[PDB]
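Enquirer: My structure is stored as final_29.tsv, with TSV, C-alpha atoms.
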chain	number	residue	atom	x	y	z
A	435	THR	CA	-129.15	-107.55	56.94
A	436	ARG	CA	-128.70	-103.86	56.16
A	437	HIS	CA	-127.58	-103.07	59.71
A	438	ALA	CA	-126.94	-104.91	62.97
A	439	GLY	CA	-129.02	-102.47	65.03
A	440	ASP	CA	-132.37	-104.00	64.05
A	441	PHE	CA	-132.16	-107.50	65.56
A	442	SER	CA	-128.80	-108.94	66.63
A	443	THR	CA	-128.30	-111.82	69.06
A	444	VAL	CA	-124.87	-112.37	70.65
A	445	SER	CA	-125.00	-116.16	70.84
A	446	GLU	CA	-122.39	-118.67	69.67
A	447	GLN	CA	-125.05	-121.36	69.16
A	448	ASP	CA	-127.15	-119.38	66.72
A	449	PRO	CA	-130.34	-121.27	65.75
A	450	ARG	CA	-130.12	-119.77	62.24
A	451	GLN	CA	-127.16	-122.00	61.31
A	452	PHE	CA	-129.14	-125.11	62.27
A	453	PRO	CA	-131.71	-126.57	59.86
A	454	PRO	CA	-135.35	-126.27	60.98
A	455	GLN	CA	-136.42	-129.61	62.46
A	456	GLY	CA	-139.99	-128.49	63.18
A	457	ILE	CA	-142.58	-125.75	63.01
A	458	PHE	CA	-143.89	-123.45	65.74
A	459	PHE	CA	-147.59	-122.74	66.28
A	460	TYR	CA	-150.06	-121.70	68.98
A	461	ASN	CA	-152.84	-124.10	69.97
A	462	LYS	CA	-156.11	-122.32	70.81
A	463	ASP	CA	-155.25	-119.89	73.62
A	464	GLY	CA	-151.54	-120.05	72.74
A	465	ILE	CA	-150.27	-123.25	74.37
A	466	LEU	CA	-146.66	-123.44	73.15
A	467	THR	CA	-146.08	-127.17	72.66
A	468	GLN	CA	-143.65	-128.82	70.23
A	469	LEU	CA	-146.15	-131.46	69.13
A	470	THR	CA	-144.49	-132.80	65.99
A	471	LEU	CA	-143.08	-136.25	66.80
A	472	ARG	CA	-146.47	-137.72	67.72
A	473	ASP	CA	-148.07	-136.74	64.40
A	474	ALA	CA	-144.88	-137.24	62.35
A	475	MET	CA	-143.85	-140.71	63.57
A	476	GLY	CA	-145.98	-142.76	61.18
A	477	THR	CA	-144.66	-145.85	59.39
A	478	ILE	CA	-143.91	-144.80	55.75
A	479	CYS	CA	-142.04	-148.07	55.19
A	480	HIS	CA	-144.55	-150.53	53.66
A	481	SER	CA	-146.98	-148.82	51.27
A	482	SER	CA	-144.27	-146.78	49.53
B	1205	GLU	CA	-147.48	-126.92	101.88
B	1206	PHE	CA	-144.30	-128.51	100.53
B	1207	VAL	CA	-144.35	-130.25	97.14
B	1208	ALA	CA	-141.34	-132.10	95.70
B	1209	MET	CA	-141.07	-132.01	91.91
B	1210	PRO	CA	-138.24	-132.39	89.38
B	1211	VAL	CA	-136.39	-129.28	88.26
B	1212	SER	CA	-137.81	-129.78	84.73
B	1213	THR	CA	-141.05	-127.95	85.46
B	1214	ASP	CA	-143.83	-127.64	82.88
B	1215	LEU	CA	-145.10	-124.11	82.31
B	1216	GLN	CA	-148.04	-125.38	80.24
B	1217	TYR	CA	-149.39	-127.33	83.22
B	1218	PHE	CA	-149.18	-124.23	85.42
B	1219	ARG	CA	-150.85	-122.07	82.76
B	1220	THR	CA	-153.72	-124.53	82.28
B	1221	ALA	CA	-154.18	-124.87	86.07
B	1222	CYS	CA	-155.94	-128.23	86.00
B	1223	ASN	CA	-156.75	-130.50	88.94
B	1224	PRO	CA	-153.56	-131.20	90.95
B	1225	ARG	CA	-154.90	-134.46	92.45
B	1226	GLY	CA	-152.48	-136.65	90.54
B	1227	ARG	CA	-154.01	-137.79	87.27
B	1228	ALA	CA	-156.98	-135.98	85.77
B	1229	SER	CA	-160.34	-137.31	86.97
B	1230	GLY	CA	-163.87	-136.19	87.77
B	1231	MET	CA	-167.08	-136.00	85.74
B	1232	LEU	CA	-165.72	-133.63	83.11
B	1233	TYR	CA	-164.60	-135.97	80.30
B	1234	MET	CA	-167.65	-138.27	80.35
B	1235	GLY	CA	-171.32	-138.39	81.30
B	1236	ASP	CA	-172.88	-140.70	78.71
B	1237	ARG	CA	-172.31	-143.79	80.89
B	1238	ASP	CA	-173.45	-144.73	84.38
B	1239	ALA	CA	-170.17	-146.17	85.68
B	1240	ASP	CA	-166.66	-146.29	84.22
B	1241	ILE	CA	-164.74	-148.04	87.07
B	1242	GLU	CA	-161.43	-146.93	88.61
B	1243	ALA	CA	-159.66	-147.17	85.24
B	1244	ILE	CA	-160.72	-143.57	84.60
B	1245	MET	CA	-159.90	-142.42	88.15
B	1246	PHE	CA	-156.36	-143.81	88.51
B	1247	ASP	CA	-154.79	-146.28	86.07
B	1248	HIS	CA	-151.23	-145.08	85.31
B	1249	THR	CA	-151.01	-147.59	82.46
B	1250	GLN	CA	-151.21	-145.35	79.36
B	1251	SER	CA	-150.45	-141.78	78.31
B	1252	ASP	CA	-151.68	-138.90	80.44
C	194	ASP	CA	-185.46	-112.92	111.59
C	195	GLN	CA	-182.20	-114.77	110.85
C	196	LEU	CA	-181.82	-117.00	113.93
C	197	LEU	CA	-183.94	-119.60	112.12
C	198	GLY	CA	-182.12	-119.27	108.82
C	199	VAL	CA	-183.59	-122.40	107.25
C	200	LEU	CA	-185.95	-120.64	104.84
C	201	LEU	CA	-183.88	-117.44	104.49
C	202	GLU	CA	-180.93	-119.13	102.74
C	203	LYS	CA	-181.08	-119.21	98.94
C	204	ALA	CA	-178.21	-117.85	96.81
C	205	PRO	CA	-178.20	-119.85	93.57
C	206	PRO	CA	-175.81	-118.55	90.90
C	207	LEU	CA	-177.92	-118.44	87.73
C	208	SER	CA	-177.41	-115.01	86.12
C	209	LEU	CA	-174.51	-116.28	84.00
C	210	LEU	CA	-176.03	-119.77	83.59
C	211	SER	CA	-179.57	-119.00	82.38
C	212	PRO	CA	-178.61	-118.51	78.68
C	213	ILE	CA	-176.52	-121.69	78.67
C	214	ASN	CA	-179.60	-123.73	79.64
C	215	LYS	CA	-182.09	-121.71	77.58
C	216	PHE	CA	-180.10	-122.18	74.36
C	217	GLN	CA	-180.00	-125.98	74.63
C	218	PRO	CA	-183.37	-127.64	73.94
C	219	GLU	CA	-182.40	-130.97	75.55
C	220	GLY	CA	-178.76	-130.69	76.62
C	221	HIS	CA	-177.86	-134.29	75.67
C	222	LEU	CA	-174.41	-133.50	74.30
C	223	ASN	CA	-171.21	-135.54	74.15
C	224	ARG	CA	-168.31	-135.53	76.61
C	225	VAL	CA	-166.21	-133.18	74.47
C	226	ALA	CA	-169.08	-130.70	74.14
C	227	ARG	CA	-169.80	-130.86	77.88
C	228	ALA	CA	-166.13	-130.25	78.71
C	229	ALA	CA	-165.96	-127.33	76.27
C	230	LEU	CA	-169.11	-125.80	77.77
C	231	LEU	CA	-167.73	-126.20	81.30
C	232	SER	CA	-164.43	-124.58	80.29
C	233	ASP	CA	-166.28	-121.70	78.61
C	234	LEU	CA	-168.43	-121.18	81.71
C	235	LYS	CA	-165.34	-121.21	83.95
C	236	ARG	CA	-163.60	-118.67	81.69
C	237	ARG	CA	-166.69	-116.44	81.69
C	238	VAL	CA	-166.92	-116.62	85.49
C	239	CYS	CA	-163.22	-115.77	85.82
C	240	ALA	CA	-163.47	-112.85	83.36
C	241	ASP	CA	-166.81	-111.53	84.68
D	1157	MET	CA	-143.34	-161.46	56.08
D	1158	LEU	CA	-141.39	-164.17	57.92
D	1159	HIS	CA	-139.24	-162.31	60.50
D	1160	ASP	CA	-141.72	-162.71	63.33
D	1161	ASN	CA	-139.11	-162.04	66.03
D	1162	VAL	CA	-138.47	-158.53	64.67
D	1163	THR	CA	-142.03	-157.77	63.58
D	1164	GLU	CA	-143.25	-158.37	67.13
D	1165	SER	CA	-140.63	-155.93	68.44
D	1166	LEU	CA	-141.62	-153.36	65.81
D	1167	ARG	CA	-145.29	-153.75	66.76
D	1168	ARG	CA	-144.45	-153.33	70.45
D	1169	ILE	CA	-142.39	-150.21	69.69
D	1170	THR	CA	-145.13	-148.66	67.56
D	1171	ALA	CA	-147.75	-149.52	70.21
D	1172	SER	CA	-145.71	-148.03	73.07
D	1173	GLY	CA	-146.16	-144.58	71.53
D	1174	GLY	CA	-149.74	-144.38	72.77
D	1175	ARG	CA	-151.77	-144.30	69.54
D	1176	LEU	CA	-154.53	-146.67	68.44
D	1177	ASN	CA	-153.54	-150.31	67.95
D	1178	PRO	CA	-155.25	-153.72	67.78
D	1179	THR	CA	-155.53	-156.16	70.68
D	1180	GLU	CA	-152.94	-158.68	71.85
D	1181	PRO	CA	-154.07	-161.63	69.64
D	1182	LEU	CA	-153.63	-159.35	66.56
D	1183	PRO	CA	-157.18	-159.51	65.08
D	1184	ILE	CA	-156.36	-158.97	61.42
D	1185	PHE	CA	-159.88	-160.19	60.56
D	1186	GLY	CA	-163.20	-158.59	61.36
D	1187	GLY	CA	-163.82	-155.04	62.50
D	1188	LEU	CA	-162.36	-155.11	65.99
D	1189	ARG	CA	-161.40	-151.65	67.26
D	1190	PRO	CA	-159.58	-150.48	70.40
D	1191	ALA	CA	-161.67	-149.22	73.30
D	1192	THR	CA	-162.15	-145.46	73.52
D	1193	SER	CA	-160.08	-143.84	76.28
D	1194	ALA	CA	-160.65	-140.64	78.22
D	1195	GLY	CA	-159.66	-137.29	76.75
D	1196	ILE	CA	-158.84	-133.82	78.08
D	1197	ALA	CA	-160.88	-130.74	77.12
D	1198	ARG	CA	-159.03	-129.95	73.90
D	1199	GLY	CA	-161.35	-130.98	71.05
D	1200	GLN	CA	-161.50	-133.96	68.68
D	1201	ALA	CA	-158.48	-135.72	67.20
D	1202	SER	CA	-158.13	-136.14	63.44
D	1203	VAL	CA	-155.78	-137.78	60.95
D	1204	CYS	CA	-152.91	-135.94	59.26
Turn this file's structure into structure tokens for me.

Expert:
Amino acid sequence: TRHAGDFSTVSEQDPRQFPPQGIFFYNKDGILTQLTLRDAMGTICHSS
Amino acid sequence: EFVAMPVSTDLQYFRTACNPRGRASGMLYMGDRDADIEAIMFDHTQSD
Amino acid sequence: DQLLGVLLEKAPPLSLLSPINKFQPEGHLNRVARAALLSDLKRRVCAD
Amino acid sequence: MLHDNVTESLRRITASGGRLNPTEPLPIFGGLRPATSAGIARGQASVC
């Protein structure tokens, strides 16, 4: 970043250093739910 | 009234403000059948 | 005039419900459509 | 497939998630489908 005055978070466990394990989205009115495991479980172990 | 709940509260449930009578019931998710027995009223055997 | 309030008691809420029954020719919809219509009516009543 | 003792456990694990699955006798023949359960006012599910 050009400067630290725009957006700086003083947190040791910075989420930036961790790889993204999912996506964030708003369902209809904006229901914040991390619904990724249910639709990402699958099988992907026989056909492939 | 006093309600005992775990400390891991769900903000989505409060925001939706659905029926607090245990599991969801009532003539809101059906209507094409005459009777559907108590399995739709209170089953506690599958996902919510 | 109001001691015998049997005939002088009629307050049916229909101002916000007349279009929802005029639009539908028959109204024989599915459970999902009925639930969506009920939720929309509740939201309209709340935001009136 | 011959490891029945592990395939039964895998089937139980994948059925405990809450998605669609066949009946107990495992009807691999015919067009048997699981019974439709109740659903909240959120829309219609679809594959991904």

Enquirer: Give me the residues within 12 Å of residue 208 of chain C as JSON, numbers by chain, counting all atoms listed in the file and dropping any in the same chain fewer than 3 places off.

Expert: {"C": [204, 205, 211, 212, 213, 214, 215, 234, 237, 238, 241]}

Enquirer: Using all atoms listed in the file, which protein or nucleic acid residues come within 7 Å of segment 1228-1235 of chain B? Drop anything in the same chain fewer than 4 positions from it, and give the result as a ChimeraX atom specification.

Expert: /B:1223,1244-1245 /C:224-225,228 /D:1194-1196

Enquirer: How many Å lie between atom CA of residue 465 of chain A and atom CA of residue 240 of chain C, rounded to one decimal?

Expert: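 We find that atom CA of residue 465 of chain A and atom CA of residue 240 of chain C lie 19.1 Å from each other.
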
Enquirer: Go ahead and compute the interatomic distance for atom CA of residue 1169 of chain D and atom CA of residue 1251 of chain B, in Å to one decimal.

Expert: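 Computed distance, atom CA of residue 1169 of chain D to atom CA of residue 1251 of chain B, equals 14.5 Å.
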
Enquirer: One decimal, in Å: what's the spacing between atom CA of residue 1159 of chain D and atom CA of residue 1178 of chain D?

Expert: 19.6 Å

Enquirer: Given all atoms listed in the file as the basis, pick out the residue of A:448, A:443, A:463, A:455 nearest to chain C.

Expert: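 Counting all atoms listed in the file, the residue closest to chain C is A:463.
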
Enquirer: As a list in words, could you give me every residue of chain D near chain A (at most 10 Å apart, counting only C-alpha atoms)?

Expert: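 Going by the stated atoms only, the list reads residues 1170, 1173, 1174, 1175, 1198, 1203 and 1204 of chain D.
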
Enquirer: Determine the nearest neighbour of chain B from the options D:1181, D:1188, D:1162, D:1197, counting only C-alpha atoms.

Expert: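 Of D:1181, D:1188, D:1162, D:1197, the one nearest chain B, counting only C-alpha atoms, is D:1197.
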
Enquirer: Compute the chain C side of the contact with chain D at 12 Å, counting only C-alpha atoms, and hand it back as a count of residues only.

Expert: 11

Enquirer: Using all atoms listed in the file, which of the listed residues (C:235, C:196, C:206, C:222) sits closest to chain B?

Expert: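 Once distances to chain B are computed over all atoms listed in the file, the minimum belongs to C:222.
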
Enquirer: Taking all atoms of segment 215-224 of chain C that the file lists and extending 5 Å past them on each side, where is the centre of the axis-aligned box and how long are its edges? Answer in Å to one decimal, as lines of an AutoDock Vina configuration file.

Expert:
center_x = -175.8
center_y = -128.6
center_z = 75.8
size_x = 25.1
size_y = 23.8
size_z = 13.6

Enquirer: Skipping near chain neighbours, those fewer than 3 positions away, what residues fall within 10 Å of residue 458 of chain A using only C-alpha atoms, listed as a PyMOL selection string?

Expert: chain A and resi 461+466-470

Enquirer: For each of D:1164, D:1187, D:1176, D:1182, take the minimum atom-to-atom distance to chain B, counting all atoms listed in the file, then give the residue where this is smallest.

Expert: D:1176

Enquirer: Could you add whatever atoms are missing so that segment 1186-1200 of chain D carries N, CA and C atoms, then write the result as a CSV table (one decimal), in the frame of the given file?

Expert:
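Contents of part-v6.csv, freshly written:
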chain,number,residue,atom,x,y,z
D,1186,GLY,N,-162.1,-159.2,60.7
D,1186,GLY,CA,-163.2,-158.6,61.4
D,1186,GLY,C,-163.0,-157.1,61.5
D,1187,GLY,N,-163.9,-156.5,62.3
D,1187,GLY,CA,-163.8,-155.0,62.5
D,1187,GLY,C,-163.6,-154.7,63.9
D,1188,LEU,N,-162.7,-155.4,64.6
D,1188,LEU,CA,-162.4,-155.1,66.0
D,1188,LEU,C,-161.6,-153.8,66.1
D,1189,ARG,N,-162.0,-153.0,67.1
D,1189,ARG,CA,-161.4,-151.6,67.3
D,1189,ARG,C,-161.0,-151.5,68.7
D,1190,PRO,N,-160.0,-150.7,69.0
D,1190,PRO,CA,-159.6,-150.5,70.4
D,1190,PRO,C,-160.6,-149.7,71.1
D,1191,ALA,N,-160.7,-149.9,72.5
D,1191,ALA,CA,-161.7,-149.2,73.3
D,1191,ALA,C,-161.3,-147.7,73.4
D,1192,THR,N,-162.4,-146.9,73.4
D,1192,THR,CA,-162.2,-145.5,73.5
D,1192,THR,C,-161.7,-145.1,74.9
D,1193,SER,N,-160.6,-144.3,75.0
D,1193,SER,CA,-160.1,-143.8,76.3
D,1193,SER,C,-160.6,-142.4,76.6
D,1194,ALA,N,-160.3,-142.0,77.8
D,1194,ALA,CA,-160.6,-140.6,78.2
D,1194,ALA,C,-159.8,-139.6,77.5
D,1195,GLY,N,-160.4,-138.4,77.4
D,1195,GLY,CA,-159.7,-137.3,76.8
D,1195,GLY,C,-159.8,-136.0,77.5
D,1196,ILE,N,-158.8,-135.1,77.4
D,1196,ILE,CA,-158.8,-133.8,78.1
D,1196,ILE,C,-159.7,-132.9,77.2
D,1197,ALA,N,-160.1,-131.7,77.8
D,1197,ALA,CA,-160.9,-130.7,77.1
D,1197,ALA,C,-160.0,-130.0,76.1
D,1198,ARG,N,-159.8,-130.6,75.0
D,1198,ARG,CA,-159.0,-130.0,73.9
D,1198,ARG,C,-159.7,-130.0,72.5
D,1199,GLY,N,-160.7,-130.9,72.3
D,1199,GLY,CA,-161.4,-131.0,71.0
D,1199,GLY,C,-161.5,-132.4,70.6
D,1200,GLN,N,-161.4,-132.6,69.3
D,1200,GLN,CA,-161.5,-134.0,68.7
D,1200,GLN,C,-160.3,-134.2,67.8
